[PDB]
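Heads up, the thing below is written out as structure tokens.
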Amino acid sequence: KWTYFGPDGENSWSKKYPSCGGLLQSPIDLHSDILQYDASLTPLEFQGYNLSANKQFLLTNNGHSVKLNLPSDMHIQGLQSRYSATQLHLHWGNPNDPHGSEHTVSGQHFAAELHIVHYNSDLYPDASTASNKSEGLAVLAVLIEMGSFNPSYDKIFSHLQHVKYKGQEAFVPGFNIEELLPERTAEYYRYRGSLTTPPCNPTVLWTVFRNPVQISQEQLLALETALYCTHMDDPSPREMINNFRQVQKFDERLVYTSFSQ
Ligand SMILES: Cc1cc(C)nc(Sc2c(F)c(F)c(S(N)(=O)=O)c(F)c2F)n1
Ligand SMILES: [Zn+2]
């Protein structure tokens with residue numbers, strides 16, 4: 001069992017999941033000392049991200065986040081191999097300190113973070129197999145700040161009061177997942193790291209977009225207050241808050257940027 005708070009929290013993940021104490025761990029603070037421009041980093045292309053509106057996709061509260069299942073025909077092109085999507089989900093803080101992204105930029109958290117998980121489908125039959133191979137996974141990260149309402153993020157958030165408890169599910173009509181991405185997607189940070197949850201496998205090629213998107217005050221507060229880690233009618237609920245990992249050491253290494261500074 002793992003959590004973000006108390007005896008099963010992140011300083012204890014290495015007891016059940018040894019890779020959480022291993023090398024290449026994410027997330028990290030993206031700061032000047034550790035950045036270098038790499039002009040060979042080209043734009044990713046996002047294929048099949050305009051999901052059919054006549055199809056539904058499963059939204060689930062899994063006890064650790066809210067996750068939307070994504071289809072195999074969605075992928076990114078541009079890496080050595082094609083990577084196919086498997087799911088997206090979010091990380092956030094809480095209303096008294098609404099700074100719960102995973103990655104930080106020059107020490108600042110953002111309000112929340114979206115992850116769109118993909119696996120190397122040219123070399124591996126599924127995401128479980130890929131998850132133990134170097135560069136087996138590729139995750140896209142979008143930093144989220146509070147400001148303007150976001151109609152495209154609302155296609156997910158409008159369902160939150162109906163997946164309040166662990167194990168609950170909703171169906172979301174397809175919509176264009178590219179509208180969750182920020183401006184200037186050609187500008188990003190790129191590095192080799194790990195899953196930021198157990199089992200913390202060091203097998204993720206990260207792409208964190210440079211620019212954040214905005215969601216409203218009301219949307220961020222729904223995300224921070226609607227959900228629980230526990231089942232309905234568990235007599236001692238646990239609020240799903242602060243489900244982000246602290247930044248990790250990152251020494252002797254570099255994050256590559258597709259933008260110059
Ligand atoms: C290790 C493994 C195997 C499989 C099949 N899916 C997953 S899904 C997943 C994942 F791949 C991720 F990269 C992450 S994250 N926070 O984006 O690092 C995650 F939370 C996840 F839930 N992870
Ligand atoms: Zn994540």
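Letters A, B, ... mark the chains of the structure tokens in the order given; residue numbers begin at 1 per chain; ligand numbers begin at 1, in order shown.
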Sorted by chain and rising residue number, which residues of chain A lie within 12 Å of ligand 2, and what are their closest atom pairs and distances in Å to one decimal, counting only C-alpha atoms and all ligand atoms, as a Markdown table?
```
| residue | atom | partner | partner_atom_place_in_ligand_line | distance |
| --- | --- | --- | --- | --- |
| A:26 | CA | ligand 2 | 1 (Zn) | 10.0 |
| A:27 | CA | ligand 2 | 1 (Zn) | 9.4 |
| A:64 | CA | ligand 2 | 1 (Zn) | 9.8 |
| A:65 | CA | ligand 2 | 1 (Zn) | 8.4 |
| A:66 | CA | ligand 2 | 1 (Zn) | 10.2 |
| A:67 | CA | ligand 2 | 1 (Zn) | 9.6 |
| A:87 | CA | ligand 2 | 1 (Zn) | 10.0 |
| A:88 | CA | ligand 2 | 1 (Zn) | 7.9 |
| A:89 | CA | ligand 2 | 1 (Zn) | 6.2 |
| A:90 | CA | ligand 2 | 1 (Zn) | 6.1 |
| A:91 | CA | ligand 2 | 1 (Zn) | 6.4 |
| A:92 | CA | ligand 2 | 1 (Zn) | 10.2 |
| A:100 | CA | ligand 2 | 1 (Zn) | 11.6 |
| A:101 | CA | ligand 2 | 1 (Zn) | 9.6 |
| A:102 | CA | ligand 2 | 1 (Zn) | 8.0 |
| A:103 | CA | ligand 2 | 1 (Zn) | 10.3 |
| A:112 | CA | ligand 2 | 1 (Zn) | 10.5 |
| A:113 | CA | ligand 2 | 1 (Zn) | 7.7 |
| A:114 | CA | ligand 2 | 1 (Zn) | 6.9 |
| A:115 | CA | ligand 2 | 1 (Zn) | 5.0 |
| A:116 | CA | ligand 2 | 1 (Zn) | 8.0 |
| A:117 | CA | ligand 2 | 1 (Zn) | 8.0 |
| A:118 | CA | ligand 2 | 1 (Zn) | 11.6 |
| A:138 | CA | ligand 2 | 1 (Zn) | 11.5 |
| A:139 | CA | ligand 2 | 1 (Zn) | 8.3 |
| A:140 | CA | ligand 2 | 1 (Zn) | 9.4 |
| A:141 | CA | ligand 2 | 1 (Zn) | 8.1 |
| A:142 | CA | ligand 2 | 1 (Zn) | 10.4 |
| A:143 | CA | ligand 2 | 1 (Zn) | 11.5 |
| A:194 | CA | ligand 2 | 1 (Zn) | 10.3 |
| A:195 | CA | ligand 2 | 1 (Zn) | 7.3 |
| A:196 | CA | ligand 2 | 1 (Zn) | 6.2 |
| A:197 | CA | ligand 2 | 1 (Zn) | 7.0 |
| A:198 | CA | ligand 2 | 1 (Zn) | 10.5 |
| A:200 | CA | ligand 2 | 1 (Zn) | 10.7 |
| A:204 | CA | ligand 2 | 1 (Zn) | 11.2 |
| A:206 | CA | ligand 2 | 1 (Zn) | 10.9 |
| A:208 | CA | ligand 2 | 1 (Zn) | 11.7 |
| A:243 | CA | ligand 2 | 1 (Zn) | 9.2 |
| A:244 | CA | ligand 2 | 1 (Zn) | 8.0 |
| A:245 | CA | ligand 2 | 1 (Zn) | 9.3 |
```
Long-range neighbours of residue 232 in chain A as JSON, numbers by chain, 12 Å cut-off, only C-alpha atoms, 2 positions minimum in chain: {"A": [61, 63, 162, 163, 164, 165, 166, 167, 168, 227, 228, 229, 230, 234, 235, 236, 237, 238, 239]}
Per-residue DSSP, range 111-184 of chain A, filtered to alpha helix (DSSP H), as a PyMOL selection string: chain A and resi 127-130+151-157
Atomic separation - CA of residue 147 in chain A relative to CA of residue 76 in chain A, Å: 28.7 Å
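Among the candidates A:14, A:158, A:121, A:40, the residue lying nearest to residue 171 in chain A is A:158 (atoms considered: only C-alpha atoms).
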Using only C-alpha atoms, determine which residues lie at most 12 Å from residue 73 in chain A, disregarding the query and same-chain residues fewer than 3 positions distant; provide the list as a PDB file with N, CA, C and O atoms, in the first residue's frame.
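Dumped to out_18.pdb:
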```
ATOM      1  N   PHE A  46       1.717  14.874 -32.449  1.00  0.00           N
ATOM      2  CA  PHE A  46       0.681  14.277 -31.604  1.00  0.00           C
ATOM      3  C   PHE A  46      -0.365  13.747 -32.529  1.00  0.00           C
ATOM      4  O   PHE A  46      -1.231  14.543 -33.039  1.00  0.00           O
ATOM      5  N   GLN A  47      -0.378  12.415 -32.690  1.00  0.00           N
ATOM      6  CA  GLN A  47      -1.256  11.744 -33.633  1.00  0.00           C
ATOM      7  C   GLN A  47      -2.352  10.982 -32.982  1.00  0.00           C
ATOM      8  O   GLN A  47      -2.170  10.315 -31.984  1.00  0.00           O
ATOM      9  N   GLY A  48      -3.564  11.152 -33.569  1.00  0.00           N
ATOM     10  CA  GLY A  48      -4.748  10.526 -32.984  1.00  0.00           C
ATOM     11  C   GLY A  48      -5.205  11.101 -31.639  1.00  0.00           C
ATOM     12  O   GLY A  48      -5.963  10.437 -30.869  1.00  0.00           O
ATOM     13  N   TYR A  49      -4.716  12.318 -31.373  1.00  0.00           N
ATOM     14  CA  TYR A  49      -5.087  12.936 -30.067  1.00  0.00           C
ATOM     15  C   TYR A  49      -6.544  13.524 -30.134  1.00  0.00           C
ATOM     16  O   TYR A  49      -7.151  13.779 -29.078  1.00  0.00           O
ATOM     17  N   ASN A  50      -7.059  13.765 -31.359  1.00  0.00           N
ATOM     18  CA  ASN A  50      -8.459  14.293 -31.540  1.00  0.00           C
ATOM     19  C   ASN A  50      -9.407  13.097 -31.426  1.00  0.00           C
ATOM     20  O   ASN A  50      -9.829  12.486 -32.424  1.00  0.00           O
ATOM     21  N   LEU A  51      -9.695  12.737 -30.203  1.00  0.00           N
ATOM     22  CA  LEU A  51     -10.381  11.458 -29.868  1.00  0.00           C
ATOM     23  C   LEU A  51     -11.866  11.573 -30.420  1.00  0.00           C
ATOM     24  O   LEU A  51     -12.516  12.611 -30.300  1.00  0.00           O
ATOM     25  N   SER A  52     -12.379  10.448 -30.909  1.00  0.00           N
ATOM     26  CA  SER A  52     -13.746  10.494 -31.440  1.00  0.00           C
ATOM     27  C   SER A  52     -14.738  10.935 -30.387  1.00  0.00           C
ATOM     28  O   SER A  52     -14.810  10.312 -29.356  1.00  0.00           O
ATOM     29  N   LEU A  70      -6.705   6.056 -22.314  1.00  0.00           N
ATOM     30  CA  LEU A  70      -6.527   6.639 -23.666  1.00  0.00           C
ATOM     31  C   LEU A  70      -6.315   5.394 -24.599  1.00  0.00           C
ATOM     32  O   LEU A  70      -5.835   4.358 -24.172  1.00  0.00           O
ATOM     33  N   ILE A  76       2.759   9.555 -29.974  1.00  0.00           N
ATOM     34  CA  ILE A  76       3.640  10.631 -30.381  1.00  0.00           C
ATOM     35  C   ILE A  76       4.686  10.058 -31.355  1.00  0.00           C
ATOM     36  O   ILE A  76       5.103   8.907 -31.203  1.00  0.00           O
ATOM     37  N   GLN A  77       5.013  10.900 -32.330  1.00  0.00           N
ATOM     38  CA  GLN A  77       5.986  10.632 -33.318  1.00  0.00           C
ATOM     39  C   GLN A  77       7.108  11.661 -33.115  1.00  0.00           C
ATOM     40  O   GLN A  77       6.890  12.833 -32.740  1.00  0.00           O
ATOM     41  N   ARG A  82       8.129   4.872 -32.034  1.00  0.00           N
ATOM     42  CA  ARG A  82       6.753   5.387 -31.808  1.00  0.00           C
ATOM     43  C   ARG A  82       6.367   4.994 -30.379  1.00  0.00           C
ATOM     44  O   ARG A  82       6.608   3.891 -29.901  1.00  0.00           O
ATOM     45  N   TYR A  83       5.766   5.968 -29.627  1.00  0.00           N
ATOM     46  CA  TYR A  83       5.228   5.694 -28.317  1.00  0.00           C
ATOM     47  C   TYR A  83       3.657   5.858 -28.332  1.00  0.00           C
ATOM     48  O   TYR A  83       3.174   6.860 -28.846  1.00  0.00           O
ATOM     49  N   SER A  84       2.933   4.901 -27.815  1.00  0.00           N
ATOM     50  CA  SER A  84       1.451   4.919 -27.888  1.00  0.00           C
ATOM     51  C   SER A  84       0.897   5.265 -26.481  1.00  0.00           C
ATOM     52  O   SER A  84       1.452   4.798 -25.448  1.00  0.00           O
ATOM     53  N   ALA A  85      -0.183   6.045 -26.498  1.00  0.00           N
ATOM     54  CA  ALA A  85      -0.733   6.509 -25.168  1.00  0.00           C
ATOM     55  C   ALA A  85      -1.407   5.362 -24.454  1.00  0.00           C
ATOM     56  O   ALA A  85      -1.928   4.411 -25.080  1.00  0.00           O
ATOM     57  N   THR A  86      -1.451   5.470 -23.127  1.00  0.00           N
ATOM     58  CA  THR A  86      -2.154   4.508 -22.319  1.00  0.00           C
ATOM     59  C   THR A  86      -3.130   5.166 -21.327  1.00  0.00           C
ATOM     60  O   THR A  86      -4.196   4.536 -21.015  1.00  0.00           O
ATOM     61  N   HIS A 118       2.791   7.324 -22.129  1.00  0.00           N
ATOM     62  CA  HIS A 118       2.907   6.525 -23.366  1.00  0.00           C
ATOM     63  C   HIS A 118       3.989   5.469 -23.160  1.00  0.00           C
ATOM     64  O   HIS A 118       4.849   5.536 -22.260  1.00  0.00           O
ATOM     65  N   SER A 121       5.717   1.173 -28.234  1.00  0.00           N
ATOM     66  CA  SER A 121       4.904   0.111 -28.788  1.00  0.00           C
ATOM     67  C   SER A 121       5.593  -0.499 -30.034  1.00  0.00           C
ATOM     68  O   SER A 121       5.116  -1.556 -30.482  1.00  0.00           O
TER      69      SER A 121
END
```
Nearest candidate to ligand 1 (options A:205, A:123, A:146, A:44; using only C-alpha atoms and all ligand atoms): A:205
Proximity to ligand 1 - best of A:28, A:20, A:127, A:105, only C-alpha atoms and all ligand atoms: A:127
Residue contacts of residue 95 in chain A (10 Å, only C-alpha atoms) excluding same-chain residues fewer than 3 positions away, as a PyMOL selection string: chain A and resi 92+98-99+220-225+241-242
Selection near residue 148 in chain A, 7 Å with only C-alpha atoms, sequence-local residues under 3 positions removed, as a list in words: residues 214, 215 and 216 of chain A
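Atom to atom, CA of residue 111 in chain A and CA of residue 212 in chain A stand 9.9 Å apart.
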Picked from range 71-160 of chain A by DSSP as strand (DSSP E or B), as a PyMOL selection string: chain A and resi 75-77+83-92+94+97+104-105+108+112-120+137-147
Need the shell around residue 38 in chain A: protein/DNA/RNA residues with any atom at most 10 Å away, counting only C-alpha atoms. Skip same-chain ones fewer than 4 positions apart. Format as a PDB file with N, CA and C atoms, in the first residue's frame?
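The new file out18.pdb reads:
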```pdb
ATOM      1  N   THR A  42      13.537  18.243 -31.711  1.00  0.00           N
ATOM      2  CA  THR A  42      12.556  18.701 -32.698  1.00  0.00           C
ATOM      3  C   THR A  42      11.126  18.583 -32.115  1.00  0.00           C
ATOM      4  N   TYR A 189      11.486  20.785 -21.930  1.00  0.00           N
ATOM      5  CA  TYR A 189      12.622  20.196 -21.224  1.00  0.00           C
ATOM      6  C   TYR A 189      12.595  18.755 -21.417  1.00  0.00           C
ATOM      7  N   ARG A 190      13.719  18.091 -21.613  1.00  0.00           N
ATOM      8  CA  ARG A 190      13.787  16.672 -21.936  1.00  0.00           C
ATOM      9  C   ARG A 190      14.847  16.030 -21.036  1.00  0.00           C
ATOM     10  N   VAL A 255      19.531  18.308 -17.906  1.00  0.00           N
ATOM     11  CA  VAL A 255      18.243  18.417 -18.591  1.00  0.00           C
ATOM     12  C   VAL A 255      18.456  19.158 -19.892  1.00  0.00           C
ATOM     13  N   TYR A 256      17.927  18.627 -20.991  1.00  0.00           N
ATOM     14  CA  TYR A 256      18.144  19.276 -22.359  1.00  0.00           C
ATOM     15  C   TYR A 256      16.938  20.114 -22.643  1.00  0.00           C
ATOM     16  N   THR A 257      17.101  21.293 -23.186  1.00  0.00           N
ATOM     17  CA  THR A 257      15.986  22.165 -23.533  1.00  0.00           C
ATOM     18  C   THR A 257      15.890  22.353 -25.070  1.00  0.00           C
ATOM     19  N   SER A 258      14.700  22.525 -25.671  1.00  0.00           N
ATOM     20  CA  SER A 258      14.535  22.651 -27.129  1.00  0.00           C
ATOM     21  C   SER A 258      14.413  24.148 -27.401  1.00  0.00           C
ATOM     22  N   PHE A 259      14.470  24.972 -26.378  1.00  0.00           N
ATOM     23  CA  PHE A 259      14.427  26.400 -26.430  1.00  0.00           C
ATOM     24  C   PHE A 259      15.732  26.965 -25.878  1.00  0.00           C
ATOM     25  N   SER A 260      16.057  28.213 -26.244  1.00  0.00           N
ATOM     26  CA  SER A 260      17.396  28.686 -25.784  1.00  0.00           C
ATOM     27  C   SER A 260      17.037  29.776 -24.749  1.00  0.00           C
TER      28      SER A 260
END
```
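For the pair atom 1 (C, counted along the ligand's line) of ligand 1 and CA of residue 74 in chain A, the separation is 19.1 Å.
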